[PDB]
>>> print(open('query.cif').read())   # mmCIF, N, CA and C atoms
data_upload
loop_
_atom_site.label_atom_id
_atom_site.label_comp_id
_atom_site.auth_asym_id
_atom_site.auth_seq_id
_atom_site.Cartn_x
_atom_site.Cartn_y
_atom_site.Cartn_z
N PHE A 1 -60.59 -16.17 42.19
CA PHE A 1 -61.32 -17.00 41.24
C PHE A 1 -60.87 -18.45 41.23
N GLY A 2 -59.91 -18.82 42.07
CA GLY A 2 -59.47 -20.20 42.14
C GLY A 2 -60.46 -21.09 42.87
N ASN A 3 -60.28 -22.40 42.67
CA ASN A 3 -61.13 -23.42 43.29
C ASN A 3 -62.60 -23.23 42.94
N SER A 4 -62.86 -22.72 41.73
CA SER A 4 -64.22 -22.47 41.23
C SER A 4 -65.05 -21.68 42.24
N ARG A 5 -64.45 -20.64 42.81
CA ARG A 5 -65.13 -19.86 43.84
C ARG A 5 -66.23 -18.99 43.25
N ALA A 6 -66.06 -18.51 42.02
CA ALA A 6 -67.04 -17.66 41.37
C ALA A 6 -67.78 -18.35 40.23
N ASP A 7 -67.38 -19.56 39.86
CA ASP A 7 -68.10 -20.30 38.82
C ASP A 7 -69.53 -20.57 39.27
N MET A 8 -70.48 -20.30 38.38
CA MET A 8 -71.89 -20.46 38.73
C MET A 8 -72.71 -20.67 37.47
N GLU A 9 -73.91 -21.21 37.66
CA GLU A 9 -74.81 -21.52 36.55
C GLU A 9 -76.21 -21.68 37.10
N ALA A 10 -77.16 -20.90 36.58
CA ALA A 10 -78.54 -20.96 37.01
C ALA A 10 -79.47 -20.91 35.81
N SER A 11 -80.66 -21.49 35.99
CA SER A 11 -81.69 -21.51 34.97
C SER A 11 -83.05 -21.42 35.64
N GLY A 12 -84.02 -20.87 34.91
CA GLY A 12 -85.37 -20.72 35.43
C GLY A 12 -86.37 -20.55 34.31
N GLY A 13 -87.59 -21.02 34.58
CA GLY A 13 -88.65 -20.95 33.60
C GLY A 13 -90.00 -20.80 34.27
N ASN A 14 -90.90 -20.11 33.58
CA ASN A 14 -92.26 -19.90 34.05
C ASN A 14 -93.17 -19.86 32.83
N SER A 15 -94.24 -20.65 32.85
CA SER A 15 -95.14 -20.75 31.71
C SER A 15 -96.58 -20.77 32.18
N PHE A 16 -97.45 -20.11 31.41
CA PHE A 16 -98.87 -20.10 31.70
C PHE A 16 -99.64 -19.96 30.39
N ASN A 17 -100.67 -20.78 30.23
CA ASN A 17 -101.52 -20.75 29.04
C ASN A 17 -102.94 -21.09 29.46
N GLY A 18 -103.83 -20.10 29.45
CA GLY A 18 -105.23 -20.33 29.72
C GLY A 18 -106.07 -19.94 28.52
N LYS A 19 -107.21 -20.61 28.38
CA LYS A 19 -108.13 -20.30 27.29
C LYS A 19 -109.53 -20.74 27.68
N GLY A 20 -110.52 -20.21 26.96
CA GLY A 20 -111.90 -20.56 27.22
C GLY A 20 -112.79 -20.07 26.11
N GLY A 21 -114.01 -20.58 26.11
CA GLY A 21 -114.98 -20.19 25.10
C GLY A 21 -116.34 -20.81 25.30
N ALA A 22 -117.34 -20.28 24.60
CA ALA A 22 -118.69 -20.80 24.65
C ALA A 22 -119.40 -20.43 23.36
N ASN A 23 -120.47 -21.16 23.06
CA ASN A 23 -121.25 -20.88 21.87
C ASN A 23 -122.61 -21.54 22.00
N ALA A 24 -123.62 -20.89 21.44
CA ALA A 24 -124.98 -21.40 21.43
C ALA A 24 -125.62 -21.09 20.09
N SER A 25 -126.58 -21.92 19.70
CA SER A 25 -127.30 -21.71 18.45
C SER A 25 -128.64 -22.41 18.54
N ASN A 26 -129.58 -21.92 17.73
CA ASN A 26 -130.89 -22.54 17.63
C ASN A 26 -131.53 -22.15 16.31
N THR A 27 -132.20 -23.12 15.69
CA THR A 27 -132.94 -22.91 14.45
C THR A 27 -134.35 -23.45 14.61
N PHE A 28 -135.27 -22.87 13.86
CA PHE A 28 -136.66 -23.31 13.87
C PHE A 28 -137.28 -22.96 12.52
N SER A 29 -137.94 -23.94 11.91
CA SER A 29 -138.59 -23.73 10.62
C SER A 29 -139.94 -24.41 10.63
N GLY A 30 -140.97 -23.69 10.20
CA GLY A 30 -142.29 -24.28 10.12
C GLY A 30 -143.34 -23.22 9.85
N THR A 31 -144.60 -23.68 9.88
CA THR A 31 -145.75 -22.81 9.67
C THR A 31 -146.86 -23.24 10.62
N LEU A 32 -147.50 -22.27 11.27
CA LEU A 32 -148.55 -22.56 12.23
C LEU A 32 -149.61 -21.48 12.16
N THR A 33 -150.88 -21.88 12.18
CA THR A 33 -151.98 -20.93 12.19
C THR A 33 -152.46 -20.73 13.62
N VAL A 34 -152.43 -19.48 14.08
CA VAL A 34 -152.80 -19.12 15.44
C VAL A 34 -154.06 -18.27 15.41
N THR A 35 -154.62 -18.00 16.58
CA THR A 35 -155.85 -17.25 16.74
C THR A 35 -155.60 -16.04 17.62
N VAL A 36 -156.27 -14.93 17.31
CA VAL A 36 -156.19 -13.72 18.11
C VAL A 36 -157.12 -13.86 19.30
N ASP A 37 -156.58 -13.74 20.51
CA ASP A 37 -157.39 -13.82 21.72
C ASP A 37 -157.44 -12.51 22.50
N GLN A 38 -156.84 -11.44 21.98
CA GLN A 38 -156.91 -10.14 22.64
C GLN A 38 -156.45 -9.06 21.67
N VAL A 39 -157.10 -7.90 21.73
CA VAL A 39 -156.70 -6.72 20.98
C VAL A 39 -156.29 -5.66 21.99
N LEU A 40 -155.05 -5.18 21.87
CA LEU A 40 -154.50 -4.26 22.85
C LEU A 40 -154.97 -2.83 22.58
N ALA A 41 -154.56 -1.90 23.44
CA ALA A 41 -155.03 -0.53 23.34
C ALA A 41 -154.50 0.18 22.10
N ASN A 42 -153.36 -0.26 21.58
CA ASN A 42 -152.79 0.34 20.38
C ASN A 42 -153.10 -0.46 19.12
N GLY A 43 -153.98 -1.46 19.21
CA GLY A 43 -154.37 -2.26 18.07
C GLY A 43 -153.57 -3.52 17.87
N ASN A 44 -152.47 -3.70 18.60
CA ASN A 44 -151.69 -4.92 18.50
C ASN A 44 -152.50 -6.12 18.98
N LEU A 45 -152.26 -7.27 18.37
CA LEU A 45 -153.07 -8.46 18.60
C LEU A 45 -152.26 -9.51 19.35
N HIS A 46 -152.80 -9.97 20.48
CA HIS A 46 -152.22 -11.13 21.15
C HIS A 46 -152.71 -12.40 20.46
N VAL A 47 -151.78 -13.28 20.12
CA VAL A 47 -152.07 -14.47 19.34
C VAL A 47 -151.56 -15.70 20.08
N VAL A 48 -152.35 -16.76 20.06
CA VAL A 48 -151.99 -18.06 20.63
C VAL A 48 -152.40 -19.15 19.65
N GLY A 49 -151.63 -20.23 19.61
CA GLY A 49 -151.93 -21.30 18.68
C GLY A 49 -151.27 -22.59 19.09
N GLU A 50 -151.87 -23.71 18.69
CA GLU A 50 -151.36 -25.03 19.01
C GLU A 50 -151.67 -25.99 17.88
N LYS A 51 -150.68 -26.80 17.52
CA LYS A 51 -150.84 -27.87 16.54
C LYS A 51 -150.41 -29.18 17.18
N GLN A 52 -151.28 -30.18 17.10
CA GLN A 52 -151.02 -31.50 17.67
C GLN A 52 -151.02 -32.53 16.55
N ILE A 53 -149.89 -33.22 16.38
CA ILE A 53 -149.77 -34.26 15.33
C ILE A 53 -149.44 -35.59 15.99
N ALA A 54 -150.18 -36.64 15.65
CA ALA A 54 -149.87 -37.99 16.15
C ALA A 54 -149.56 -38.90 14.96
N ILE A 55 -148.32 -39.40 14.86
CA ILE A 55 -147.91 -40.26 13.73
C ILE A 55 -147.44 -41.61 14.29
N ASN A 56 -148.30 -42.63 14.28
CA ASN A 56 -147.88 -44.00 14.67
C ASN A 56 -147.74 -44.19 16.17
N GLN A 57 -146.64 -43.74 16.78
CA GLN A 57 -146.39 -44.14 18.17
C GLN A 57 -145.97 -42.95 19.02
N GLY A 58 -146.71 -41.86 18.92
CA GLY A 58 -146.46 -40.72 19.78
C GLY A 58 -147.27 -39.52 19.35
N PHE B 1 -95.68 -28.37 51.04
CA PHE B 1 -95.80 -29.11 49.79
C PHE B 1 -94.94 -30.37 49.75
N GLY B 2 -94.21 -30.68 50.81
CA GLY B 2 -93.40 -31.88 50.84
C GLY B 2 -94.23 -33.13 51.05
N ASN B 3 -93.61 -34.27 50.75
CA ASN B 3 -94.25 -35.58 50.89
C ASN B 3 -95.53 -35.68 50.07
N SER B 4 -95.57 -34.99 48.93
CA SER B 4 -96.72 -34.97 48.03
C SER B 4 -98.02 -34.67 48.77
N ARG B 5 -97.96 -33.67 49.66
CA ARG B 5 -99.13 -33.34 50.47
C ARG B 5 -100.22 -32.66 49.66
N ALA B 6 -99.84 -31.88 48.64
CA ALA B 6 -100.80 -31.17 47.81
C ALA B 6 -100.91 -31.74 46.40
N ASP B 7 -100.07 -32.70 46.03
CA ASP B 7 -100.18 -33.33 44.72
C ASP B 7 -101.52 -34.04 44.59
N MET B 8 -102.20 -33.82 43.47
CA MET B 8 -103.53 -34.40 43.29
C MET B 8 -103.82 -34.51 41.80
N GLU B 9 -104.80 -35.35 41.48
CA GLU B 9 -105.18 -35.61 40.09
C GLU B 9 -106.57 -36.23 40.09
N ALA B 10 -107.51 -35.61 39.38
CA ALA B 10 -108.87 -36.10 39.29
C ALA B 10 -109.37 -36.01 37.85
N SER B 11 -110.31 -36.89 37.52
CA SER B 11 -110.94 -36.93 36.21
C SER B 11 -112.39 -37.33 36.36
N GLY B 12 -113.22 -36.88 35.42
CA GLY B 12 -114.64 -37.20 35.45
C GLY B 12 -115.26 -37.03 34.09
N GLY B 13 -116.30 -37.83 33.85
CA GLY B 13 -116.99 -37.80 32.57
C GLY B 13 -118.45 -38.14 32.74
N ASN B 14 -119.27 -37.56 31.88
CA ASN B 14 -120.71 -37.80 31.86
C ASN B 14 -121.17 -37.71 30.41
N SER B 15 -121.91 -38.73 29.95
CA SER B 15 -122.34 -38.77 28.57
C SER B 15 -123.78 -39.26 28.50
N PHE B 16 -124.54 -38.68 27.57
CA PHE B 16 -125.92 -39.08 27.33
C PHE B 16 -126.26 -38.83 25.87
N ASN B 17 -126.89 -39.83 25.25
CA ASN B 17 -127.31 -39.73 23.85
C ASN B 17 -128.61 -40.50 23.70
N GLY B 18 -129.72 -39.79 23.51
CA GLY B 18 -131.00 -40.41 23.24
C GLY B 18 -131.52 -39.97 21.88
N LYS B 19 -132.31 -40.85 21.26
CA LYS B 19 -132.90 -40.53 19.97
C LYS B 19 -134.15 -41.38 19.78
N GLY B 20 -134.99 -40.96 18.84
CA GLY B 20 -136.21 -41.69 18.54
C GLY B 20 -136.83 -41.19 17.27
N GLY B 21 -137.78 -41.97 16.77
CA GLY B 21 -138.47 -41.61 15.55
C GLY B 21 -139.57 -42.58 15.17
N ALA B 22 -140.43 -42.16 14.24
CA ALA B 22 -141.50 -43.00 13.74
C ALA B 22 -141.87 -42.53 12.35
N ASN B 23 -142.52 -43.41 11.59
CA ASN B 23 -142.96 -43.06 10.25
C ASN B 23 -144.03 -44.05 9.81
N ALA B 24 -144.97 -43.55 9.02
CA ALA B 24 -146.04 -44.37 8.47
C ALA B 24 -146.32 -43.92 7.04
N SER B 25 -146.80 -44.85 6.23
CA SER B 25 -147.15 -44.55 4.85
C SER B 25 -148.18 -45.55 4.36
N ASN B 26 -148.93 -45.14 3.35
CA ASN B 26 -149.89 -46.02 2.71
C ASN B 26 -150.20 -45.50 1.32
N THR B 27 -150.32 -46.44 0.38
CA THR B 27 -150.68 -46.13 -1.00
C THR B 27 -151.84 -47.03 -1.42
N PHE B 28 -152.63 -46.54 -2.36
CA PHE B 28 -153.75 -47.29 -2.90
C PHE B 28 -154.01 -46.81 -4.32
N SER B 29 -154.12 -47.75 -5.25
CA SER B 29 -154.39 -47.42 -6.64
C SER B 29 -155.41 -48.40 -7.20
N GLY B 30 -156.43 -47.87 -7.87
CA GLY B 30 -157.42 -48.73 -8.48
C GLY B 30 -158.62 -47.94 -8.96
N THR B 31 -159.61 -48.68 -9.44
CA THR B 31 -160.86 -48.09 -9.91
C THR B 31 -162.01 -48.99 -9.49
N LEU B 32 -163.09 -48.39 -8.97
CA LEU B 32 -164.23 -49.15 -8.50
C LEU B 32 -165.51 -48.37 -8.78
N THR B 33 -166.53 -49.06 -9.27
CA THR B 33 -167.82 -48.44 -9.52
C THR B 33 -168.74 -48.70 -8.33
N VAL B 34 -169.24 -47.62 -7.73
CA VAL B 34 -170.09 -47.69 -6.55
C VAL B 34 -171.48 -47.20 -6.91
N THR B 35 -172.42 -47.35 -5.98
CA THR B 35 -173.81 -46.98 -6.17
C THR B 35 -174.22 -45.98 -5.09
N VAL B 36 -175.08 -45.04 -5.47
CA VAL B 36 -175.62 -44.06 -4.54
C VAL B 36 -176.77 -44.70 -3.78
N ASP B 37 -176.68 -44.72 -2.45
CA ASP B 37 -177.74 -45.28 -1.63
C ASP B 37 -178.43 -44.24 -0.75
N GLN B 38 -178.06 -42.97 -0.87
CA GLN B 38 -178.72 -41.91 -0.11
C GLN B 38 -178.35 -40.56 -0.71
N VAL B 39 -179.31 -39.64 -0.72
CA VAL B 39 -179.09 -38.26 -1.11
C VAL B 39 -179.35 -37.39 0.11
N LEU B 40 -178.35 -36.61 0.50
CA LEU B 40 -178.43 -35.83 1.73
C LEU B 40 -179.22 -34.54 1.50
N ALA B 41 -179.38 -33.76 2.57
CA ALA B 41 -180.21 -32.56 2.50
C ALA B 41 -179.58 -31.48 1.63
N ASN B 42 -178.26 -31.49 1.48
CA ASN B 42 -177.56 -30.51 0.65
C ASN B 42 -177.23 -31.05 -0.73
N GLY B 43 -177.74 -32.22 -1.09
CA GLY B 43 -177.50 -32.81 -2.39
C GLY B 43 -176.33 -33.76 -2.46
N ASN B 44 -175.50 -33.83 -1.42
CA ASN B 44 -174.39 -34.76 -1.41
C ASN B 44 -174.90 -36.19 -1.41
N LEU B 45 -174.14 -37.08 -2.04
CA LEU B 45 -174.57 -38.45 -2.28
C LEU B 45 -173.74 -39.41 -1.44
N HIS B 46 -174.41 -40.24 -0.65
CA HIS B 46 -173.74 -41.34 0.02
C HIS B 46 -173.59 -42.50 -0.96
N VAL B 47 -172.37 -43.02 -1.07
CA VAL B 47 -172.03 -44.04 -2.06
C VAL B 47 -171.40 -45.23 -1.35
N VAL B 48 -171.79 -46.43 -1.79
CA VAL B 48 -171.23 -47.69 -1.32
C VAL B 48 -170.97 -48.59 -2.52
N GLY B 49 -169.93 -49.41 -2.43
CA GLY B 49 -169.59 -50.28 -3.54
C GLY B 49 -168.72 -51.42 -3.10
N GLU B 50 -168.80 -52.53 -3.83
CA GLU B 50 -168.02 -53.72 -3.53
C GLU B 50 -167.67 -54.45 -4.82
N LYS B 51 -166.42 -54.88 -4.91
CA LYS B 51 -165.94 -55.70 -6.02
C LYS B 51 -165.34 -56.98 -5.46
N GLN B 52 -165.79 -58.12 -5.97
CA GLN B 52 -165.32 -59.42 -5.53
C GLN B 52 -164.66 -60.13 -6.71
N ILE B 53 -163.39 -60.46 -6.56
CA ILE B 53 -162.64 -61.17 -7.63
C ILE B 53 -162.12 -62.49 -7.09
N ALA B 54 -162.37 -63.59 -7.80
CA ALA B 54 -161.82 -64.90 -7.41
C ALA B 54 -160.90 -65.41 -8.53
N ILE B 55 -159.60 -65.54 -8.25
CA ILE B 55 -158.62 -65.99 -9.28
C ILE B 55 -157.95 -67.27 -8.77
N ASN B 56 -158.41 -68.44 -9.22
CA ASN B 56 -157.72 -69.72 -8.90
C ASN B 56 -157.98 -70.21 -7.48
N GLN B 57 -157.31 -69.66 -6.47
CA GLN B 57 -157.37 -70.30 -5.15
C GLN B 57 -157.62 -69.27 -4.05
N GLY B 58 -158.60 -68.40 -4.26
CA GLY B 58 -158.97 -67.46 -3.22
C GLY B 58 -159.95 -66.43 -3.74
#
>>> encode(input="query.cif", output="structure tokens")
Amino acid sequence: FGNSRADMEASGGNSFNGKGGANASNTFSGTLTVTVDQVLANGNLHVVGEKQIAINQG
Amino acid sequence: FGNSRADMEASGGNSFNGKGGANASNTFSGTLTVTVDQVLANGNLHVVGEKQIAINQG
């Protein structure tokens, strides 16, 4: 053990941090009058409708 | 990996912000006496009227 033959010192480190995420949203509010353009075999009604508003510059 | 052969660093950005809008309004308040100048086939009355006021300088 003389002459620092067995003296030793070591250190080590390892680090990892990952993360992730996502999100989506949508809202819609209004009222629209549509018209029936087809009646299906079970009585369900296909409906289509369009509202066009022009206010000033569009 | 010596001589910084694999060391690297990059950055990037992209931004966009658009917006728009319009609005219109009108108000009218008053009283006017008009005259019937036509009676339609369903009894509705076509009416026309004019009021002219001159106060001082117009």
>>> resolve_selection(input="query.cif", expression="the PyMOL selection byres ((chain B) within 8 of (chain A))", output="MDAnalysis selection string")
chainID B and resid 21:24
>>> write_last_selection(input="query.cif", atoms="N, CA and C atoms", output="PDB file, in the coordinates of the input")
ATOM      1  N   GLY B  21    -137.780 -41.970  16.770  1.00  0.00           N
ATOM      2  CA  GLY B  21    -138.470 -41.610  15.550  1.00  0.00           C
ATOM      3  C   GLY B  21    -139.570 -42.580  15.170  1.00  0.00           C
ATOM      4  N   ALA B  22    -140.430 -42.160  14.240  1.00  0.00           N
ATOM      5  CA  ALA B  22    -141.500 -43.000  13.740  1.00  0.00           C
ATOM      6  C   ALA B  22    -141.870 -42.530  12.350  1.00  0.00           C
ATOM      7  N   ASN B  23    -142.520 -43.410  11.590  1.00  0.00           N
ATOM      8  CA  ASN B  23    -142.960 -43.060  10.250  1.00  0.00           C
ATOM      9  C   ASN B  23    -144.030 -44.050   9.810  1.00  0.00           C
ATOM     10  N   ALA B  24    -144.970 -43.550   9.020  1.00  0.00           N
ATOM     11  CA  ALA B  24    -146.040 -44.370   8.470  1.00  0.00           C
ATOM     12  C   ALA B  24    -146.320 -43.920   7.040  1.00  0.00           C
TER      13      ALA B  24
END
>>> select_by_dssp(input="query.cif", residues="chain A", states="strand (DSSP E or B)", output="ChimeraX atom specification")
/A:35-39,45-48
>>> residues_around(input="query.cif", residues="residue A:47", least_positions_apart="4", cutoff="12 Å", atoms="only C-alpha atoms", output="NGL selection string")
:A and (32-40)
>>> write_last_selection(input="query.cif", atoms="N, CA and C atoms", output="PDB file, in the coordinates of the input")
ATOM      1  N   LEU A  32    -147.500 -22.270  11.270  1.00  0.00           N
ATOM      2  CA  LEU A  32    -148.550 -22.560  12.230  1.00  0.00           C
ATOM      3  C   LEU A  32    -149.610 -21.480  12.160  1.00  0.00           C
ATOM      4  N   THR A  33    -150.880 -21.880  12.180  1.00  0.00           N
ATOM      5  CA  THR A  33    -151.980 -20.930  12.190  1.00  0.00           C
ATOM      6  C   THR A  33    -152.460 -20.730  13.620  1.00  0.00           C
ATOM      7  N   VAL A  34    -152.430 -19.480  14.080  1.00  0.00           N
ATOM      8  CA  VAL A  34    -152.800 -19.120  15.440  1.00  0.00           C
ATOM      9  C   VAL A  34    -154.060 -18.270  15.410  1.00  0.00           C
ATOM     10  N   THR A  35    -154.620 -18.000  16.580  1.00  0.00           N
ATOM     11  CA  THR A  35    -155.850 -17.250  16.740  1.00  0.00           C
ATOM     12  C   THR A  35    -155.600 -16.040  17.620  1.00  0.00           C
ATOM     13  N   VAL A  36    -156.270 -14.930  17.310  1.00  0.00           N
ATOM     14  CA  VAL A  36    -156.190 -13.720  18.110  1.00  0.00           C
ATOM     15  C   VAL A  36    -157.120 -13.860  19.300  1.00  0.00           C
ATOM     16  N   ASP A  37    -156.580 -13.740  20.510  1.00  0.00           N
ATOM     17  CA  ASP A  37    -157.390 -13.820  21.720  1.00  0.00           C
ATOM     18  C   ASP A  37    -157.440 -12.510  22.500  1.00  0.00           C
ATOM     19  N   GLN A  38    -156.840 -11.440  21.980  1.00  0.00           N
ATOM     20  CA  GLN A  38    -156.910 -10.140  22.640  1.00  0.00           C
ATOM     21  C   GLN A  38    -156.450  -9.060  21.670  1.00  0.00           C
ATOM     22  N   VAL A  39    -157.100  -7.900  21.730  1.00  0.00           N
ATOM     23  CA  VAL A  39    -156.700  -6.720  20.980  1.00  0.00           C
ATOM     24  C   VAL A  39    -156.290  -5.660  21.990  1.00  0.00           C
ATOM     25  N   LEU A  40    -155.050  -5.180  21.870  1.00  0.00           N
ATOM     26  CA  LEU A  40    -154.500  -4.260  22.850  1.00  0.00           C
ATOM     27  C   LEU A  40    -154.970  -2.830  22.580  1.00  0.00           C
TER      28      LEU A  40
END
>>> atom_distance(input="query.cif", atom1="atom C of residue A:52", atom2="atom C of residue A:31")
11.8 Å
>>> atom_distance(input="query.cif", atom1="atom C of residue B:43", atom2="atom C of residue B:29")
26.0 Å
>>> axis_aligned_box(input="query.cif", around="stretch 51-55 of chain B", padding_each_side="5 Å", output="AutoDock Vina command-line options")
--center_x -162.2 --center_y -61.1 --center_z -7.1 --size_x 18.5 --size_y 22.4 --size_z 14.4
>>> atom_distance(input="query.cif", atom1="atom C of residue B:16", atom2="atom N of residue A:20")
24.4 Å
